[PDB]
Structures are given as C-alpha cells and as structure tokens.
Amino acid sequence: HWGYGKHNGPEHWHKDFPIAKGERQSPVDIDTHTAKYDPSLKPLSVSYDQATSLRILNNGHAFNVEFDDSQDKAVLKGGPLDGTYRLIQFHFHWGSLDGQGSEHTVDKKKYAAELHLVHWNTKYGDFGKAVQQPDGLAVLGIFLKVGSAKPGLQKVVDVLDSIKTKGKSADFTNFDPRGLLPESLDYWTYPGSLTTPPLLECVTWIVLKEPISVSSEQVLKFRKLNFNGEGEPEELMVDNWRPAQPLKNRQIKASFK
C-alpha cells in the first residue's frame, strides 16, 4: 500500500496512480518572483464561525480533523473561486526535523509543516462527486514555522496521545479552526491536485503567504504519532510530505503586489 517509505513512497506512487505524472500535480515550488499579481483576484472569504468539528482520526498517513459538511456551516468562497466550498477536514504534513515538512515550498524554502483545510464545491452535492470534477475542491494551505506556540493548535496537540496508531479516532467537537489562521489572508493560487493518492486533479490551491508560528514542543508531539496500527512494529509518523512536482503549463497568481 502507498506510504512515505523508501519502498512505497512518492517515487513509487505512479505505478498504482499513473496521474502522479499528470499535468496538474501538487505540490509545487512557488517561485515568488515569477508569480503574477492579479488585481482581479478577490479577497478570500473564510466563514468558519458556525463550524462543527466532530472527530479526529489517525488514518495511517496523517491525522484528520473532520467536520459536519451536511450544511453550509464552514465555507470558503471568493478569492479565485466561483460559488461555495464546504470544509470537510483539515490535516497537516510535517517533517522529522524542523528544516523540512512542508509540501509547497517558497523559492525552494521548506517549512516545518503545512496545514491543509480541504473544501468541496457545493454545486456537486457531495465530496465523492466533487472529486470527479476539475473544480471540485479548494484547499487552503498554511505554512508552519517553529517559534512561538500557536494557542489555537494546542487542543489538537493534546488529543494526539489518544490516536497514536492507524485507525484510532477520538471525539473532537467544538474545535474552532479560526485559531489556526495567520493575520493576513494574502495568497497565491494555482490549479493542482490532492497530494496523496489517488492524486486527483480537482483542486484550486490557495496558499497563504503568511506562515503561522508553532512551538517546537507542538511539532514534536506530531512526530510521536505512528503510521502503523496498534500491535504492529512502531514507525513514527514523520516526513509525510510529497516533494514539489513539475509546474508544467501552469501559472501561479498572487493576490497581493
């Protein structure tokens, strides 16, 4: 099964998922000097005040905080998007060391981790139908650097002990994802894909320019999770990131000058 090891990692994924070599794969390096300011891009509209988080799950590849997406409770619109995209889950990618972990890079710089808030386009009715469409998903990507602690992340950190191994979940209600955002909503955007198998080319990426700061202790606790299930040999959940892929025939646009 696919994973992040030498024998099943990103360089192997194309054998079962040929789209891994497709025309709009993610992540990419964001070359800041060649991205283009687009004054027709609108401000991002993040409406999370009514979000209903439900559960946190170790799926063997990351941990997902899942939301009730049966109504327009936590939605992303504006920016490059047409219509309304509902939040379904967020997760992170991170490194074994502070110098790596992000999927997108900025002028080749790697951050310690990257947060993905995954949303689906409500005009397709459900996530499963949305991922059959080229505009089915919108992912808000946020870089993490190590410095001061992020208070709004601590509730996530302190439940991880209860979902150490693949397949474990815990109730995770009343979590406010607004506490994971930076101050500015200035962003880059480009058309891409999910960064995990099945690597579907459905995503409008919206990558925020401003990182959030998290403490060394917070990201250290991410690294105590396990890829394996209970009762199996322990494999620390670290370096669960896909490296940058060829940009090919795509333009990265900036919302700011």
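Each form is matched to the other, and the largest set of C-alpha atoms that superpose within 1.5 Å is called the rigid core. All residue numbers are counted from 1 along the displayed sequence.
Stretch departing more from the displayed form, 200 to 208 or 35 to 43, Cα RMS in 4 other deposited structures of this protein (core fit): The answer is 35 to 43, which departs more from the shown form in 4 other deposited structures of this protein.
Quick one: higher average CA temperature factor, 119 to 127 or 69 to 77? Mean C-alpha B-factor is greater for 69 to 77.
On mean Cα temperature factor in this entry, is 26 to 34 or 45 to 53 the higher one? Per the PDB record, 45 to 53.
Could you tell me which one of 89, 173, 102, 162 shows the highest CA temperature factor in the PDB record? It is 162.
Per the entry's Cα B factor values, which of 177, 83, 95, 141 stands out as the maximum? Comparing C-alpha B-factors across 177, 83, 95, 141, the maximum falls on 83.
Among the modelled residues of its chain, does the C-alpha B-factor of residue 64 lie in the lowest, middle or highest third? Its C-alpha B-factor, which the entry lists for residue 64, ranks in the lowest third among residues of this chain.
Could you place residue 194 in the lowest, middle or highest third of its chain by Cα temperature factor, using the values in the record? As the PDB entry reports it, the C-alpha B-factor of residue 194 lands in the lowest third of its chain.
Consider only the C-alpha atoms of the modelled residues in this chain, order them by B-factor as the entry records it, and name the third containing residue 214: lowest, middle or highest. Middle third by C-alpha B-factor.
Residue 242, C-alpha B-factor rank within chain (lowest, middle or highest third): Answer is lowest: the recorded C-alpha B-factor places it there.
Lowest, middle or highest third: which one holds residue 40 when the chain's residues are ordered by CA B-factor from the entry? Within its chain, residue 40 is a highest-third residue by C-alpha B-factor, going by the deposited values.
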